[PDB]
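A short write-up of the structure that comes next.
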RNA sequence: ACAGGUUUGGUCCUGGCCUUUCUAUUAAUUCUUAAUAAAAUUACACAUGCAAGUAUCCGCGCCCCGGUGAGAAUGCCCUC
Ligand code: FES
Ligand SMILES: [K+]
Ligand SMILES: [Mg+2]
Ligand SMILES: [Mg+2]
Ligand SMILES: [Mg+2]
Ligand SMILES: [Mg+2]
Ligand SMILES: [Mg+2]
Ligand SMILES: [Mg+2]
Ligand SMILES: [Mg+2]
Ligand SMILES: [Mg+2]
Ligand SMILES: [Mg+2]
Ligand SMILES: [Mg+2]
Ligand SMILES: [Mg+2]
Ligand SMILES: [Zn+2]
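Here is the structure:
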């Protein structure tokens, strides 16, 4: 349909006014169910492949309607004016796939400011605004930090005395492994 | 914890 | 002794500057509506009910604190070159305890280079929200605060909602809070939408911003057109306190006038465009005489 | 997991253990690090132990505790 | 559950679904199961980096030193985790693994260069 | 049901009639409007200066169904079901 | 409630709106009152209205009634240390007794508010676990973190099935 | 429960059964792929392999984890 450029054009068009009028889209749609209590879950999808499944939902019966965040008049009809909550699927009668699309589109629209919703007043996060404490202010450098020496003497690698190496070889003779020297200071990149 | 239907087991003490 | 926003003198001026409109401050919000409760009251009890709402209105009108830009945190507790390539990501450690205030918590990040450094303000606030969640705060920066999105709200005169969102999301002394508030204050000045924030608790912020940017021409014109004069001269009185070493404040000591002549002092001394101010004040004077 | 009274397996009944090879230079350095590491942690462990004693003692017979005890007693009379 | 003995230990409790691990820093009796009853939960440890490339770790410092003060043992990974934060000195096995990585990486660089020439 | 509904609705008492028979103001406390005392009807004529006697424990007849629902004890599988439009 | 003289007093709100919390040293409260005479109006109304409220907030305090044994109604309190508190009511109304009791043995407002404040920290918001005890159940319920694989499937590079295949190949 | 069907030539009243809603197992008919959760007849008898070792000898550990719902109105909370 030649309406992807501006989905809201259809709402302002005369065709929408002639058919639906002032009342919402879902006003004239009635859902056929098994008895007095309608099932809590509507159809998953009514546009399976290229086949329309029976009585279509209000959104899937006229393909010129597009569910996007740009148009607000269409999305307003699925949001309560006073309570400010999103209508559930049984309330309108739309299929579950389009109901998920409506919820995501409405949530996206509220994130872009295109739709009004309640904003409660929030108190400031902190009671006292003080940057004096040492958690946020810089602490004096450690004596080992300015010198560049490691924080502990044993962090670095030290060559053991040769006498201790001889003792270990005697103790672990037979199952001894090849020794290695000091580790490289910096590791190159492959 | 206890109940009113406690049975006085004796073999466990005998084995010990 | 420079003036501050928490002084009693500035607070008392701003309390009566914003006014008190019960209908606007108590607006039915889009929430879960419940059936109302009815009761019988006499004339005396009605005034008692009214004054209780006034006290509740004053508490609901507590202006948010305004501060300057916070200094960046650049501190390194230790450096360990032995762990230069041990891990690829960086670890963030947060001290969590219900007794320690959030301003004193330790947030330290272990960069992959092996440096034990404190977390910056941008990441420190995010970590606090994750482990101490509260209503209205998004972990990531919302898309609503982009420049393109703000203009859409501003075109829909959503200025009051933008300010209320900014205080809830960002920290008052943060950089993002300052630029959003300043951008909102700049836009309402251009469009002359000062009537929107009349009874809003955020009116003190824009008034303080204007008195520090020496931009009072737009605000004074609107107040006169609203026939609110007793508070209009208070704004001029506020200007002298904030900027004593000025020609306008010197004229007040020289001439020593009162009432509307205080506005005339500023109109012909420091007002950038005093032609509109003087003409509007002249228009107010002739209209008031006719009405009286 | 097995229990005390069940018999062991048959295939793995001859072996006992096979310790890995020992690097002479590396093992001694690692042993030195552990000896200093354990000593440092032990001092911290004892430091935390004394902190618990201080906190518990203040909660039992601290100065504020006597103030609270006298206040309720004085109010009751 | 009534156990014969056991020692109080601070360890990591696994959680989450498959391919998405999530460890909880908890303090429980040594003889209880990994996900069993515990005394107090201290913090959390996210093993997977987020969009910011950060591995979040939560520590209850005042409570952590309380249990250590009363004689609580620590497992291998929690000591390494505490060593990284700076509450404890770097674990000796943490450094040795780093040194092994450098030597293996140095051998890898030399091996590649020898074949190149 | 039809006769009972119309008889009950025709017996409804409005705010203005209640105000006139009590000679006191009636104040509506909207929950979403806060503690704002909205006035909906005023007693035309003389206004009584005597406040209503405040009873500590009111003597009113309550329905057990209303109290059960208020306390959160009705857990039927038909009360909270989602239905179609009005 | 339909049956009863005052059905309102048998709802949860009425039992919960009475704010009289005895100290930890109060164990037994004995109330004696008369069923005849105008002087006992305060005592009888206190028993008929306030006693259920007092017992609801003090489940561990024994309350016992005695009718027509003493011509002058009175209340007797037994403490843990054996101390006996005698309260005399002969003309005091329903409200007066509650205020009098709340001051001699009731807890202070500052004590009650600080008691629940220390209780809040038990449910620390930073913990994880079941919904009944903790707010969140998993780290994936935090925006920014890696989501649960059930909702959004994970990339193949991170799946352990793909990791094992390349190691064996 | 927002209720509906059903007594009788027929109305009102009282009073049952059943429908409409959601979850689990088995069976019938049908069935393309991926991911996650879960995996449940039987306290009936069991082939075979495996589930507790570690460690310079001493020692420590060996239903602790795990498994099951047979038994017992057993218990839950709570004091010690
Ligand atoms: S529930 Fe969090 S990873 Fe699945
Ligand atoms: K029926
Ligand atoms: Mg016991
Ligand atoms: Mg066995
Ligand atoms: Mg699992
Ligand atoms: Mg019949
Ligand atoms: Mg028939
Ligand atoms: Mg089957
Ligand atoms: Mg599968
Ligand atoms: Mg079990
Ligand atoms: Mg069974
Ligand atoms: Mg059985
Ligand atoms: Mg039996
Ligand atoms: Zn559809």
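Chains as they are written, first to last, in our numbering: chain G, 1 to 190; chain R, 1001 to 1016; chain S, 2001 to 2292; chain F, 3001 to 3077; chain Z, 4001 to 4117; chain Y, 5001 to 5086; chain W, 6001 to 6169. The beta carbon of each residue, even a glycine, is placed where N, CA and C say it ideally should be.
- Within the chosen limit of 7 angstroms, ligand 14 reaches the beta carbon of residue 56/G through at least one heavy atom.
- Under the three-pair Cβ rule at 8 angstroms, the stretch 4047-4067 of chain Z counts as touching the stretch 2086-2099 of chain S.
- In this structure, the C-beta of residue 3006/F approaches ligand 4 to less than 7 angstroms from one of its heavy atoms.
- Annotated as distal: residue 2073/S and residue 4095/Z, with beta-carbon spacing of 8 angstroms or more.
- For residue 2212/S, there is no enclosing beta strand (DSSP E); the residue is part of the alpha helix (DSSP H) that begins and ends at 2203-2213.
- With respect to residue 6032/W, residue 6066/W sits close: the two C-beta atoms are nearer than 8 angstroms.
- Apart from the 5 residues on each side of it in sequence, residue 6023/W sits with its Cβ closer than 7 angstroms to the Cβ of 6105 and 6107 in its chain, given in chain order.
- DSSP, read as helix, strand or coil, puts residue 2149/S in helix.
- Considering only beta carbons, the part of the stretch 2024-2047 of chain S lying closer than 7 angstroms to chain G consists of 2029, 2030, 2031, 2032 and 2033, in chain order.
- Look at residue 47/G here: in three-state DSSP terms it is coil, with no helix or strand label.
- For residue 46/G, the shortest separation between its Cβ and any heavy atom of ligand 1 does not lie below 7 angstroms.
- DSSP places residue 4084/Z within a helical segment (H, G or I) once states are collapsed to three.
- Taking a cut-off of 8 angstroms on C-beta distances, the stretch 2201-2209 of chain S touches the stretch 2011-2021 of chain S, as three or more cross pairs fall below it.
- Per DSSP, reduced to three states, the secondary structure at residue 6065/W is strand.
- Our two residues, residue 103/G and residue 5068/Y, have alpha carbons roughly 34 angstroms apart in a direct line.
- When 2191/S, 2033/S and 2264/S are compared, the shortest CA-CA separation from residue 2151/S is found for 2191/S.
- A distance below 8 angstroms separates the beta carbons of residue 4006/Z and residue 4031/Z.
- Per DSSP, reduced to three states, the secondary structure at residue 5006/Y is helical.
- Contact check for residue 4008/Z against residue 4067/Z passes: the beta carbons are separated by less than 8 angstroms.
- By the rule that beta-carbons nearer than 8 angstroms mark a contact, residue 114/G touches chain S.
- Cβ contact annotation for residue 5015/Y (same chain, cutoff 6 angstroms, sequence separation greater than five): 5026, 5040 and 5041, in chain order.
- At least one heavy atom of ligand 4 lies less than 7 angstroms from the C-beta of residue 3003/F.
- Contact between the stretch 130-143 of chain G and the stretch 67-75 of chain G is absent: fewer than 3 CB-CB pairs across the two stretches fall below 8 angstroms.
- In this structure, residue 2117/S and residue 2080/S do not form a Cβ contact; the two beta carbons are roughly 11 angstroms apart against a cut-off of 8 angstroms.
- Beta-bridge analysis with DSSP links residue 6022/W to 6106/W.
- For residue 3065/F, the number of other beta carbons within 10 angstroms of its own is below 16, and it is reported as exposed.
- Burial check for residue 4026/Z: the Cβ neighbour count within 10 Å reaches 16 or more, so the residue is buried.
- For the options 39/G, 58/G, 155/G and 1/G, the alpha carbon positioned closest to that of residue 3035/F is the one of 155/G.
- Short of 7 angstroms from the beta carbon of residue 6057/W, and not among the five residues preceding or following it, lie these beta carbons of its own chain, in chain order: 6018, 6020 and 6021.
- By the neighbour-count criterion, in which 16 or more other beta carbons inside 10 Å mark a residue as buried, residue 6162/W falls on the exposed side.
- In this structure, residue 2278/S and residue 2267/S form a Cβ contact; the two beta carbons are roughly 5 angstroms apart against a cut-off of 8 angstroms.
- For residue 4027/Z, DSSP records a beta bridge to 4010/Z and 4040/Z.
- At a threshold of 7 angstroms, residue 98/G counts as near ligand 14, since its beta carbon sits closer than that to one of the ligand's heavy atoms.
- Per DSSP, reduced to three states, the secondary structure at residue 4015/Z is strand.
- Apart from sequence neighbours up to five positions away, the residues of its chain that approach residue 6080/W with a beta-carbon distance below 7 angstroms are 6025 and 6027, ordered along the chain.
- With respect to the C-alpha of residue 160/G, the residue from 3074/F, 3027/F, 3012/F and 3053/F having the closest C-alpha is 3027/F.
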